[PDB]
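So this block is target.csv, CSV, N, CA, C and O atoms and all ligand atoms:
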chain,number,residue,atom,x,y,z
A,1,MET,N,0.9,-1.2,0.0
A,1,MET,CA,0.0,0.0,0.0
A,1,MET,C,0.9,1.3,0.0
A,1,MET,O,1.0,1.9,-1.0
A,2,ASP,N,1.5,1.6,1.1
A,2,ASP,CA,2.3,2.8,1.2
A,2,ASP,C,3.8,2.4,1.2
A,2,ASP,O,4.7,3.2,1.0
A,3,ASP,N,4.1,1.2,1.6
A,3,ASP,CA,5.6,0.7,1.6
A,3,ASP,C,6.3,1.0,0.3
A,3,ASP,O,7.5,1.2,0.3
A,4,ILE,N,5.6,1.0,-0.8
A,4,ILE,CA,6.2,1.2,-2.1
A,4,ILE,C,7.0,2.5,-2.1
A,4,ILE,O,8.0,2.6,-2.7
A,5,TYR,N,6.5,3.5,-1.4
A,5,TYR,CA,7.3,4.8,-1.3
A,5,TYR,C,8.5,4.6,-0.3
A,5,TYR,O,9.6,5.0,-0.7
A,6,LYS,N,8.2,4.1,0.8
A,6,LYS,CA,9.3,3.9,1.8
A,6,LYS,C,10.4,3.0,1.2
A,6,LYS,O,11.6,3.2,1.4
A,7,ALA,N,10.1,2.0,0.4
A,7,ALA,CA,11.1,1.1,-0.2
A,7,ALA,C,11.9,1.9,-1.3
A,7,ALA,O,13.1,1.7,-1.4
A,8,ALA,N,11.2,2.7,-2.0
A,8,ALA,CA,11.9,3.5,-3.1
A,8,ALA,C,13.0,4.4,-2.4
A,8,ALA,O,14.2,4.4,-2.9
A,9,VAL,N,12.7,5.1,-1.4
A,9,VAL,CA,13.8,5.9,-0.7
A,9,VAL,C,14.9,5.0,-0.1
A,9,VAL,O,16.0,5.3,-0.2
A,10,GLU,N,14.5,3.8,0.3
A,10,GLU,CA,15.6,2.9,0.9
A,10,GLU,C,16.4,2.3,-0.3
A,10,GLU,O,17.6,2.2,-0.2
A,11,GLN,N,15.7,2.0,-1.4
A,11,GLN,CA,16.5,1.5,-2.6
A,11,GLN,C,17.3,2.6,-3.2
A,11,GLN,O,18.4,2.3,-3.8
A,12,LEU,N,16.9,3.9,-3.1
A,12,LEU,CA,17.7,5.0,-3.6
A,12,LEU,C,19.1,5.0,-3.0
A,12,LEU,O,19.3,4.8,-1.8
A,13,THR,N,20.2,5.2,-3.8
A,13,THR,CA,21.5,5.2,-3.3
A,13,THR,C,21.8,6.5,-2.5
A,13,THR,O,21.1,7.5,-2.6
A,14,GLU,N,22.9,6.6,-1.8
A,14,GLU,CA,23.3,7.8,-1.0
A,14,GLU,C,23.5,9.0,-1.9
A,14,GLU,O,23.0,10.1,-1.6
A,15,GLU,N,24.1,8.9,-3.1
A,15,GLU,CA,24.3,10.0,-4.0
A,15,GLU,C,23.0,10.6,-4.4
A,15,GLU,O,22.8,11.8,-4.5
A,16,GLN,N,22.0,9.8,-4.5
A,16,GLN,CA,20.6,10.3,-4.9
A,16,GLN,C,20.0,11.0,-3.6
A,16,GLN,O,19.3,12.0,-3.7
A,17,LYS,N,20.2,10.4,-2.5
A,17,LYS,CA,19.6,10.9,-1.2
A,17,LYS,C,20.2,12.3,-0.9
A,17,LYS,O,19.5,13.2,-0.4
A,18,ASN,N,21.4,12.6,-1.3
A,18,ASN,CA,22.0,13.9,-1.1
A,18,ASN,C,21.5,14.9,-2.1
A,18,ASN,O,21.5,16.1,-1.8
A,19,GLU,N,21.2,14.5,-3.3
A,19,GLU,CA,20.7,15.4,-4.3
A,19,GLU,C,19.5,16.2,-3.8
A,19,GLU,O,19.4,17.5,-4.0
A,20,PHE,N,18.6,15.6,-3.1
A,20,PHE,CA,17.4,16.4,-2.6
A,20,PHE,C,17.9,17.4,-1.6
A,20,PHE,O,17.4,18.5,-1.5
A,21,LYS,N,18.9,17.1,-0.8
A,21,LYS,CA,19.4,18.1,0.2
A,21,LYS,C,20.0,19.4,-0.5
A,21,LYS,O,19.7,20.5,-0.1
A,22,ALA,N,20.7,19.2,-1.5
A,22,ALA,CA,21.3,20.4,-2.3
A,22,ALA,C,20.2,21.3,-2.8
A,22,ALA,O,20.2,22.5,-2.7
A,23,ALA,N,19.1,20.7,-3.4
A,23,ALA,CA,18.0,21.5,-3.9
A,23,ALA,C,17.2,22.2,-2.8
A,23,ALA,O,16.9,23.3,-2.8
A,24,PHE,N,16.9,21.4,-1.7
A,24,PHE,CA,16.1,21.9,-0.6
A,24,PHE,C,16.9,23.0,0.2
A,24,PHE,O,16.4,23.9,0.8
A,25,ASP,N,18.3,22.9,0.2
A,25,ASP,CA,19.1,23.9,0.9
A,25,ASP,C,18.8,25.4,0.4
A,25,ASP,O,18.8,26.3,1.2
A,26,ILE,N,18.4,25.5,-0.8
A,26,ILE,CA,18.1,26.9,-1.4
A,26,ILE,C,17.0,27.5,-0.5
A,26,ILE,O,17.0,28.7,-0.2
A,27,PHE,N,16.0,26.8,-0.1
A,27,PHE,CA,14.9,27.4,0.8
A,27,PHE,C,15.2,27.1,2.3
A,27,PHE,O,14.8,27.9,3.1
A,28,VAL,N,15.8,26.0,2.6
A,28,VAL,CA,16.1,25.7,4.0
A,28,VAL,C,17.1,26.8,4.6
A,28,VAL,O,17.0,27.2,5.7
A,29,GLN,N,18.1,27.2,3.8
A,29,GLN,CA,19.1,28.2,4.3
A,29,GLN,C,18.3,29.5,4.8
A,29,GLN,O,18.7,30.1,5.8
A,30,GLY,N,17.3,29.9,4.1
A,30,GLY,CA,16.5,31.1,4.4
A,30,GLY,C,15.3,30.7,5.2
A,30,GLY,O,14.2,31.3,5.1
A,31,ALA,N,15.4,29.7,6.1
A,31,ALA,CA,14.2,29.2,6.9
A,31,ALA,C,14.7,28.8,8.3
A,31,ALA,O,15.9,28.7,8.5
A,32,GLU,N,13.8,28.5,9.2
A,32,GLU,CA,14.2,28.0,10.5
A,32,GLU,C,14.3,26.5,10.6
A,32,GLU,O,15.4,26.0,10.9
A,33,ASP,N,13.3,25.8,10.2
A,33,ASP,CA,13.4,24.3,10.2
A,33,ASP,C,13.5,23.7,8.8
A,33,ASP,O,14.0,22.7,8.6
A,34,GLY,N,12.9,24.5,7.8
A,34,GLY,CA,13.0,24.0,6.4
A,34,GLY,C,11.7,23.4,6.0
A,34,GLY,O,11.5,22.3,5.5
A,35,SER,N,10.6,24.2,6.1
A,35,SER,CA,9.3,23.8,5.7
A,35,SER,C,8.7,24.8,4.7
A,35,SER,O,8.7,26.0,4.9
A,36,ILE,N,8.2,24.3,3.5
A,36,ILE,CA,7.6,25.3,2.5
A,36,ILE,C,6.1,25.1,2.3
A,36,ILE,O,5.6,24.0,2.4
A,37,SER,N,5.4,26.1,2.0
A,37,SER,CA,4.0,26.0,1.8
A,37,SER,C,3.7,25.7,0.3
A,37,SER,O,4.6,25.8,-0.5
A,38,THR,N,2.5,25.2,0.0
A,38,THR,CA,2.1,24.9,-1.4
A,38,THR,C,2.4,26.0,-2.4
A,38,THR,O,2.8,25.8,-3.5
A,39,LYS,N,2.1,27.2,-2.0
A,39,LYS,CA,2.3,28.4,-2.9
A,39,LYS,C,3.7,28.5,-3.3
A,39,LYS,O,4.0,28.8,-4.4
A,40,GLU,N,4.6,28.3,-2.3
A,40,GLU,CA,6.1,28.4,-2.7
A,40,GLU,C,6.6,27.1,-3.2
A,40,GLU,O,7.6,27.0,-3.9
A,41,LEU,N,5.9,26.0,-2.9
A,41,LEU,CA,6.4,24.7,-3.4
A,41,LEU,C,6.4,24.6,-4.9
A,41,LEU,O,7.2,24.0,-5.5
A,42,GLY,N,5.5,25.4,-5.6
A,42,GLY,CA,5.5,25.4,-7.1
A,42,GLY,C,6.8,25.9,-7.6
A,42,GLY,O,7.3,25.4,-8.6
A,43,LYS,N,7.4,26.8,-6.9
A,43,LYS,CA,8.7,27.3,-7.3
A,43,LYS,C,9.8,26.3,-7.1
A,43,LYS,O,10.7,26.0,-8.0
A,44,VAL,N,9.7,25.5,-6.0
A,44,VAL,CA,10.7,24.4,-5.8
A,44,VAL,C,10.6,23.4,-6.9
A,44,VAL,O,11.6,22.9,-7.4
A,45,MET,N,9.4,23.0,-7.3
A,45,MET,CA,9.2,22.0,-8.4
A,45,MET,C,9.7,22.6,-9.7
A,45,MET,O,10.5,22.0,-10.4
A,46,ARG,N,9.3,23.8,-10.1
A,46,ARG,CA,9.8,24.5,-11.3
A,46,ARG,C,11.3,24.6,-11.3
A,46,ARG,O,12.0,24.4,-12.4
A,47,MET,N,11.9,24.9,-10.2
A,47,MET,CA,13.4,25.0,-10.1
A,47,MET,C,14.1,23.6,-10.3
A,47,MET,O,15.1,23.5,-11.0
A,48,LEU,N,13.5,22.6,-9.7
A,48,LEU,CA,14.1,21.2,-9.8
A,48,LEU,C,13.9,20.6,-11.2
A,48,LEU,O,14.5,19.7,-11.6
A,49,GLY,N,12.9,21.2,-11.9
A,49,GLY,CA,12.6,20.6,-13.3
A,49,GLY,C,11.2,19.9,-13.2
A,49,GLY,O,11.1,18.8,-13.9
A,50,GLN,N,10.3,20.4,-12.5
A,50,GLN,CA,8.9,19.7,-12.5
A,50,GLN,C,7.9,20.6,-13.1
A,50,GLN,O,8.0,21.8,-13.1
A,51,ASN,N,6.9,20.0,-13.7
A,51,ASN,CA,5.8,20.8,-14.4
A,51,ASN,C,4.4,20.2,-14.0
A,51,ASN,O,3.6,19.9,-14.9
A,52,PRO,N,4.2,20.1,-12.7
A,52,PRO,CA,2.9,19.6,-12.2
A,52,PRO,C,1.8,20.6,-12.2
A,52,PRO,O,2.1,21.8,-12.0
A,53,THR,N,0.6,20.3,-12.5
A,53,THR,CA,-0.5,21.3,-12.6
A,53,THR,C,-0.8,21.7,-11.1
A,53,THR,O,-0.5,21.1,-10.2
A,54,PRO,N,-1.6,22.8,-11.0
A,54,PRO,CA,-2.0,23.4,-9.7
A,54,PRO,C,-3.0,22.5,-9.0
A,54,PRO,O,-2.8,22.2,-7.8
A,55,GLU,N,-4.0,22.0,-9.7
A,55,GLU,CA,-5.0,21.1,-9.0
A,55,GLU,C,-4.4,19.8,-8.6
A,55,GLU,O,-4.8,19.2,-7.6
A,56,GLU,N,-3.3,19.4,-9.3
A,56,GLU,CA,-2.6,18.1,-9.0
A,56,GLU,C,-1.5,18.4,-7.9
A,56,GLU,O,-1.2,17.6,-7.1
A,57,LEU,N,-0.9,19.5,-8.0
A,57,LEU,CA,0.2,19.9,-7.0
A,57,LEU,C,-0.4,19.9,-5.6
A,57,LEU,O,0.3,19.4,-4.7
A,58,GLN,N,-1.6,20.3,-5.4
A,58,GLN,CA,-2.1,20.3,-4.0
A,58,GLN,C,-2.1,18.9,-3.5
A,58,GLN,O,-1.6,18.7,-2.4
A,59,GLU,N,-2.6,17.9,-4.2
A,59,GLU,CA,-2.6,16.5,-3.7
A,59,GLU,C,-1.1,16.1,-3.6
A,59,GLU,O,-0.7,15.4,-2.7
A,60,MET,N,-0.3,16.4,-4.6
A,60,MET,CA,1.1,16.0,-4.5
A,60,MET,C,1.8,16.5,-3.2
A,60,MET,O,2.6,15.8,-2.7
A,61,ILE,N,1.4,17.6,-2.7
A,61,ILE,CA,2.0,18.1,-1.4
A,61,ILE,C,1.1,17.7,-0.2
A,61,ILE,O,1.6,17.4,0.9
A,62,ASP,N,-0.2,17.7,-0.4
A,62,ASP,CA,-1.1,17.3,0.8
A,62,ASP,C,-1.0,15.8,1.1
A,62,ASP,O,-1.1,15.4,2.2
A,63,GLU,N,-0.9,15.0,0.1
A,63,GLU,CA,-0.9,13.5,0.4
A,63,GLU,C,0.4,13.1,1.1
A,63,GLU,O,0.4,12.2,1.9
A,64,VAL,N,1.5,13.8,0.8
A,64,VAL,CA,2.8,13.5,1.5
A,64,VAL,C,2.8,14.1,2.9
A,64,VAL,O,3.5,13.6,3.8
A,65,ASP,N,2.1,15.1,3.2
A,65,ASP,CA,2.0,15.8,4.5
A,65,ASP,C,1.3,14.8,5.5
A,65,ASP,O,0.1,14.8,5.5
A,66,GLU,N,2.0,14.1,6.3
A,66,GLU,CA,1.4,13.2,7.3
A,66,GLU,C,1.1,14.0,8.6
A,66,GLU,O,0.1,13.8,9.3
A,67,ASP,N,2.0,14.8,9.0
A,67,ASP,CA,1.8,15.6,10.3
A,67,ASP,C,0.6,16.6,10.3
A,67,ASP,O,0.1,17.0,11.3
A,68,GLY,N,0.2,16.9,9.1
A,68,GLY,CA,-1.0,17.8,9.0
A,68,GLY,C,-0.6,19.3,9.1
A,68,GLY,O,-1.2,20.0,9.9
A,69,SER,N,0.4,19.8,8.4
A,69,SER,CA,0.8,21.2,8.6
A,69,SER,C,0.6,21.9,7.3
A,69,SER,O,0.6,23.2,7.2
A,70,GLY,N,0.4,21.2,6.2
A,70,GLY,CA,0.2,21.9,4.8
A,70,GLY,C,1.5,22.5,4.3
A,70,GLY,O,1.5,23.3,3.3
A,71,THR,N,2.6,22.0,4.8
A,71,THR,CA,3.9,22.5,4.3
A,71,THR,C,4.8,21.3,4.1
A,71,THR,O,5.1,20.5,5.0
A,72,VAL,N,5.4,21.1,2.9
A,72,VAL,CA,6.3,20.0,2.6
A,72,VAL,C,7.7,20.3,3.1
A,72,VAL,O,8.3,21.3,2.8
A,73,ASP,N,8.3,19.4,3.9
A,73,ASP,CA,9.7,19.6,4.4
A,73,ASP,C,10.6,18.6,3.7
A,73,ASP,O,10.3,18.0,2.7
A,74,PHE,N,11.8,18.5,4.2
A,74,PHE,CA,12.8,17.5,3.5
A,74,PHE,C,12.3,16.1,3.5
A,74,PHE,O,12.4,15.5,2.4
A,75,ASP,N,11.7,15.6,4.6
A,75,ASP,CA,11.2,14.2,4.6
A,75,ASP,C,10.0,14.1,3.6
A,75,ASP,O,10.0,13.2,2.7
A,76,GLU,N,9.1,15.0,3.7
A,76,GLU,CA,7.9,14.9,2.7
A,76,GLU,C,8.4,15.1,1.3
A,76,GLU,O,8.0,14.4,0.4
A,77,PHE,N,9.3,16.1,1.1
A,77,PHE,CA,9.8,16.3,-0.3
A,77,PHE,C,10.5,15.0,-0.9
A,77,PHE,O,10.3,14.7,-2.0
A,78,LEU,N,11.2,14.3,-0.1
A,78,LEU,CA,11.8,13.0,-0.6
A,78,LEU,C,10.7,12.1,-1.1
A,78,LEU,O,10.9,11.5,-2.1
A,79,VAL,N,9.7,11.9,-0.3
A,79,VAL,CA,8.6,11.0,-0.7
A,79,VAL,C,7.8,11.6,-2.0
A,79,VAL,O,7.3,10.9,-2.8
A,80,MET,N,7.8,12.9,-2.1
A,80,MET,CA,7.1,13.5,-3.2
A,80,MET,C,7.9,13.5,-4.5
A,80,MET,O,7.5,13.4,-5.6
A,81,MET,N,9.2,13.5,-4.3
A,81,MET,CA,10.2,13.4,-5.5
A,81,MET,C,10.1,12.1,-6.2
A,81,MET,O,10.0,12.0,-7.4
A,82,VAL,N,10.1,11.0,-5.5
A,82,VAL,CA,10.1,9.6,-6.1
A,82,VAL,C,8.7,9.4,-6.8
A,82,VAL,O,8.6,8.7,-7.8
A,83,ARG,N,7.7,10.1,-6.3
A,83,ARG,CA,6.3,9.9,-7.0
A,83,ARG,C,6.3,10.8,-8.3
A,83,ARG,O,5.7,10.4,-9.3
A,84,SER,N,7.0,11.9,-8.3
A,84,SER,CA,7.0,12.7,-9.5
A,84,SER,C,7.7,12.0,-10.7
A,84,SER,O,7.5,12.3,-11.9
A,85,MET,N,8.6,11.0,-10.4
A,85,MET,CA,9.2,10.2,-11.5
A,85,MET,C,8.3,9.3,-12.1
A,85,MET,O,8.2,9.2,-13.3
A,86,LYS,N,7.6,8.5,-11.3
A,86,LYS,CA,6.6,7.5,-11.9
A,86,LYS,C,7.3,6.4,-12.7
A,86,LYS,O,7.5,5.3,-12.3
A,87,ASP,N,7.7,6.7,-13.9
A,87,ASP,CA,8.4,5.7,-14.8
A,87,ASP,C,9.9,6.0,-14.9
A,87,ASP,O,10.5,6.8,-14.1
A,88,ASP,N,10.6,5.4,-15.8
A,88,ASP,CA,12.1,5.6,-16.0
A,88,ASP,C,12.4,7.0,-16.6
A,88,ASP,O,11.5,7.6,-17.1
A,89,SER,N,13.6,7.3,-16.6
A,89,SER,CA,14.0,8.7,-17.3
A,89,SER,C,15.0,8.4,-18.4
A,89,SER,O,14.7,8.8,-19.5
B,1,CA,CA,4.5,18.9,6.9

Show this structure as structure tokens.
Ligand SMILES: [Ca+2]
Amino acid sequence: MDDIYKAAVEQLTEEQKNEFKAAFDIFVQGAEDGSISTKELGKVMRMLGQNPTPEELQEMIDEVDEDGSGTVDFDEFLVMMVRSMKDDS
């Protein structure tokens, strides 16, 4: 059910796990804990190379938010990044 996402992050190698940190540092450096809202998350996706629609981006960020804050952090972004791939590249 949900383990498919947890297994993807575990299967991902360390070099890939660090890639998310480099992109997230752009907004984490100018933040306290490193949490972004959906309105600013669109810029994070466009900057990383994502083209998700607005009606779909809400679910993309709301479904990964488990704590219920409405803001994607490093942990949530890691689970949202593997879903944005879907197939091979
Ligand atoms: Ca959150």

Interatomic distance, atom O of residue 87 (chain A) to atom O of residue 28 (chain A) (Å, one decimal): 29.2 Å

Expected selection as a ChimeraX atom specification for ligand CA 1 (chain B) within 6 Å, all atoms listed in the file: /A:65-73

Residue with smallest distance to residue 47 (chain A) - pool A:16, A:23, A:1, A:35, counting all atoms listed in the file: A:23

Strand (DSSP E) residues, from DSSP on the backbone, in region 28-84 of chain A, as a VMD selection string: chain A and resid 36 to 37 71 to 72

Nearest to residue 76 (chain A), chosen from A:15, A:54, A:89, A:34, with all atoms listed in the file counted in the distances: A:34

Separation of CA of residue 46 (chain A) from CA of residue 17 (chain A) in Å: 19.6 Å

Among listed residues A:14, A:60, A:42, A:6, nearest residue 81 (chain A) (using all atoms listed in the file):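 Closest residue, counting all atoms listed in the file: A:60.
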
Residue neighbourhood residue 25 (chain A), 12 Å, only C-alpha atoms, exclusion window fewer than 6 positions, as a ChimeraX atom specification: /A:18-19,31-36,44,73-74
